[PDB]
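Peer 1: Following this message is one structure expressed as structure tokens.
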Amino acid sequence: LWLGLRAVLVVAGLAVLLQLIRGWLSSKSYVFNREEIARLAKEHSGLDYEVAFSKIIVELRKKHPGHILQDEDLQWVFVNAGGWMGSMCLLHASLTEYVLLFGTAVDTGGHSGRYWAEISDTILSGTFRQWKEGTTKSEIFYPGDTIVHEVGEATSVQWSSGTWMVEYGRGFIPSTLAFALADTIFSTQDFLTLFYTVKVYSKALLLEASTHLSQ
Amino acid sequence: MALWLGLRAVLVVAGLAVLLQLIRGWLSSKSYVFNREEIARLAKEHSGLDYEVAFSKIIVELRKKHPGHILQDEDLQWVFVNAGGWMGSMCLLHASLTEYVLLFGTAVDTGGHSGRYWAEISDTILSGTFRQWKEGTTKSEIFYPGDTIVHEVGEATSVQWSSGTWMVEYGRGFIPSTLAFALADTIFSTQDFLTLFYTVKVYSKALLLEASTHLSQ
Amino acid sequence: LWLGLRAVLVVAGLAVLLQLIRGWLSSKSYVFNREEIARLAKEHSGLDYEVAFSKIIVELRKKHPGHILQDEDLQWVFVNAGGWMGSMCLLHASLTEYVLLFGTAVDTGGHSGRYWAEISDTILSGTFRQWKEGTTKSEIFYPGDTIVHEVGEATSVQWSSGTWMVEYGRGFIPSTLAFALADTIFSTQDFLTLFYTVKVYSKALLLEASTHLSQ
Ligand SMILES: O=C(OCCN1CCOCC1)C1(c2ccccc2)CCCCC1
Ligand SMILES: O=C(OCCN1CCOCC1)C1(c2ccccc2)CCCCC1
Ligand SMILES: O=C(OCCN1CCOCC1)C1(c2ccccc2)CCCCC1
Ligand SMILES: CCCCCCCCO[C@@H]1O[C@H](CO)[C@@H](O)[C@H](O)[C@H]1O
Ligand SMILES: [Au+]
Ligand SMILES: [Au+]
Ligand SMILES: [Au+]
Ligand SMILES: [Au+]
Ligand SMILES: [Au+]
Ligand SMILES: [Au+]
């Protein structure tokens, strides 16, 4: 039964880690909230998305100091996943939450991805077409609306050539990195972008670790 | 004995050569259930109604003229399909080792590679638009409800669909050869393994139903 | 430290092979130049791109005999990379240069790819949307314009259903085939197109080598 030792060790490891992480998510104090980020974006969902980005980043650093990356650690990184292409401006990220500014300047679309995280996007500009699984009709969302991509749900997304939004996710963030980097490995082969994504995600983790040490 | 390093290589070449003649001889001596004109005619008769109403009447007509070969309503579900760079959904009605009939379409604007496989495929558009770009050309053609696109064996084209395109599709050949292309984006791009499970689920039910019909006959 | 011998040989092998190629590219006599191809393509940037294809091939074979493939060795080969799909007509190709006619008859777009080659495209018809890295707005280019994709640059490309262009690239051409065939391996699995791409690239390499033997 020695050959089965490896198979038992992974099943026991996955079952223990599944209860360890799920019990952590149900007992962890969270920094941001899905309604908090959506409300913040709706305050400026009339202005220019560049003007909205500035006022949103300023308001986030006031209400949650020590949790948003500095302007020195901010950069627009391309994101290739599920067949669509966009760019992100990661403001905050931990092992359980993340807040970023996502959007695209071209017409893209594809698979939303199925992972262990609840994702909410509040559109600031452009349009957002969503196709839920098992249906034959899609819905188009406009600036001001908030789309909630629930955990375990898989939909089809599509954006116009000027769509920008504010996004908040909660769950187990590392579970999404397999889907977020799939097209970067097998399609674009833009390993420099792969480096940028790990770079800014590590800075957000080190910043979050630095805040817990001071408290 | 130089045949030791070549033992795996010869067995695969011998295995492929034996399997190639056994499958191609089967396709030339097997009685087929459906017909390429039969599915296309049935879909074109309902290409003026709403595609949801057309789906219902086509499934009824298929179960009337071909009982025991179309899945029951309990075993039907819309499964996402990501392949060649496009994304849609299918409703597998019938499928065997040599034929398959399903309802495919998309609610978004997608497009990509049609895939090159060992199966002749015909699609009759019920709604939306269908742009096809054949290999070796510099211009594309747009197909409208009522038209039928024939994707011959070994042909590779570029496909593109509008945000409301739905169609009835029939394929004949060696169906397992197409599953390698149908699941490529599901493995390397979307990683939606639950959809991968659904595809294997609905394709197995169609095989078990078709096998269940052969046992009673 | 015995197992680190392979790792040192790889670091020394990659660093030395980088110096030899980069120093070769910076001191090598080239056949074509981007301004030569750009002027030739801009003169024929009209509506009838098929007539433009013929007139460009004739002019290229006059001023550069023995460097452009004959009509017998020409075929339109599909190109799937970065999420977009088009077709190419390889006219000239070496280890450092290539001249081809690229375009698409459908609406595609995706990652431009980051590789070791400077690429310039002069639009003959259609439209070309380029989304530079780190920005939030994209630009649309029209027939007559020339887009220069420099080495190490990564952008988002998008084309309309009638875009055709003349392209010239210079750098390390074998480094670009890894990106050009990525989607063909992991998405389309069109092994026949993979054969066509290697076939026409081999004929173009053998043609360029055949001219060096006669000279
Ligand atoms: O930044 C992202 O992409 C937002 C776009 N959204 C739009 C629709 O819902 C899913 C993704 C993701 C990320 C990237 C990098 C770090 C952490 C997260 C979010 C997880 C899924 C994709 C990659
Ligand atoms: O369900 C499909 O996709 C329909 C779309 N049509 C549209 C364009 O031409 C090819 C397929 C396919 C399938 C997948 C799995 C089982 C049975 C069939 C058909 C074969 C080629 C792709 C995958
Ligand atoms: O032929 C091509 O594709 C042109 C399309 N362009 C359009 C935008 O910029 C990058 C590619 C490429 C090639 C393929 C085969 C041989 C030599 C070159 C050029 C390098 C990058 C992709 C593949
Ligand atoms: C590649 C083909 C694109 C079609 C050209 C017309 C539309 C492109 O124009 C786009 O319109 C949007 C507002 O409407 C803007 O947000 C985009 O920045 C602009 O590029
Ligand atoms: Au930024
Ligand atoms: Au920003
Ligand atoms: Au269904
Ligand atoms: Au159905
Ligand atoms: Au050609
Ligand atoms: Au040509």
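Throughout, chain C uses Swiss-Prot numbering, with the displayed residues spanning 3-217 in order.
Positions of Cβ are set from backbone N, Cα and C atoms, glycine also.
According to Swiss-Prot, the protein has these features:
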REGION    C:96-103  region 'Important for ligand-binding'
SITE      C:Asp123  site 'Important for ligand binding'
SITE      C:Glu169  site 'Important for ligand binding'
TRANSMEM  C:5-27  transmembrane segment
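For each listed feature, how buried is it and what is near it?
Peer 2: For the region 'Important for ligand-binding' (C:96-103), the residues of the chain that approach it from at least six positions outside its boundaries are 27, 30, 32-34, 39, 55, 58, 62, 70, 90, 166-176, 206-207, 210, judged by C-beta separation under 8 angstroms.
Non-local neighbourhood of C:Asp123 (site 'Important for ligand binding'): C:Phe104, C:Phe130, C:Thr148, C:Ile149, C:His151, C:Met167, C:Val168, C:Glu169, each in the same chain, at least six residues away, with C-beta under 8 Å from its C-beta.
Around the Cβ of C:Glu169 (site 'Important for ligand binding'), the number of neighbouring Cβ atoms within 10 Å comes to 22.
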Peer 1: Residue counts in helix (H, G, I), strand (E, B) and coil for the region 'Important for ligand-binding' (C:96-103), per DSSP?
Peer 2: 0 helix, 5 strand, 3 coil
Peer 1: When DSSP states are folded down to helix, strand and coil, where does C:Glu169 (site 'Important for ligand binding') land?
Peer 2: strand
